[PDB]
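Take a look at this single chain, the form deposited in one PDB entry, given in structure tokens.
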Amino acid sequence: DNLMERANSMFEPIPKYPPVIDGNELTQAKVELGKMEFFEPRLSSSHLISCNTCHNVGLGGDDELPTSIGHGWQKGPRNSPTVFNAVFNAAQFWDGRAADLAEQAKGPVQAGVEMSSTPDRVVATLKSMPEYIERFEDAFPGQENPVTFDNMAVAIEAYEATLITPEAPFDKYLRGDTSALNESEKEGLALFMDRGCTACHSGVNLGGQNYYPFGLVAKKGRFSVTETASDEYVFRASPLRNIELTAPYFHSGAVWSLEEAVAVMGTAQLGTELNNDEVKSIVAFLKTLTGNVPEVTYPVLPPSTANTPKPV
């Protein structure tokens, strides 16, 4: 009743359709082409990696092992965020200097198309296959040279926008089904809002909207969340939606236990102190954020040809 009213003033349920990003209107042809690309391993120089490799849509939309590659990354290994509902995050996954945000940061959907392979190799690869040319023509009617790096990016972004998970028990609760959550989960919800977690984890994805100078450190357990030295480094407050499916946790992916993840975020400095029973209650609540994984028909990709660059 009032709890439901409070929850609704702090959060929102996943809608049936995704918000249009940068005026990219979704169409069947764009989404279909974007899906082919999402699963296309030949965009990588080795031909062994595709988006699905690190954002497995059948296993939480992310990667189980920290990686040092992808998106032209040139530093140490980092955990991969889930592509599920990423379209609703204004901030993107960040594991670096606050000073670099201004010029290097962008929306999740857009960060998603930052590639390690060069535009030339990618375009040449796609143009080497008749079927891809036809798909680009279907997706971009009216364009004489439809196969471009920018159009590839637009198609992938259209597909990314469709990777949303509606109908989680919590969303049903927000929409009025008071029985969608049991008493144990409702206590967790009340505590999530009463212990101040909402200062950083709120809105449609319960996080993902701002950066903070607080990150996981290897000092319950052998971990803790502490402020970075001189606030030099910042992290995006994690969107907690579907957290049940997205282990391991934090920028480093060092935590596998959801209970531990909740515990290290309860601190005096953040004004989020929790006792063991409350940690368990919040865990119960967070498990109600799992939505319906979108159905995916595995795309049948076209065969390579003499002009298709060879695996390197």
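The first residue of the sequence shown is number 1, and the count goes up from there. Between two forms, the rigid core is defined as the largest C-alpha subset superposing within 1.5 Å.
Below: the form deposited in another entry, not depicted.
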Report task. Go through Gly266, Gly60, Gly253, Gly70 and flag the only one whose CA is off by 2 Å or more between the shown form and the other one, rigid core held fixed. Result -> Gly70
Query raised in the report: After superposition on the rigid core, does the Cα atom of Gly291 shift by at least 2 Å between the shown form and the other one?
Result: no
Requested in this report: For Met115, state whether the C-alpha moves by 2 Å or more between the shown form and the other one after rigid core superposition.
Outcome: yes
**Report entry** Per-residue C-alpha change between the shown form and the other one, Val20, threshold 2 Å, rigid core fit
**Finding:** yes
Requested in this report: Compare the CA separation of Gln110 and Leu286 in the other form with the one in the displayed structure, and answer closer or farther (the difference is at least 3 Å).
Outcome: farther
Query raised in the report: Do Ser80 and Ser68 move together or apart in the other form, judged by C-alpha distance changing 3 Å or more?
Result: closer
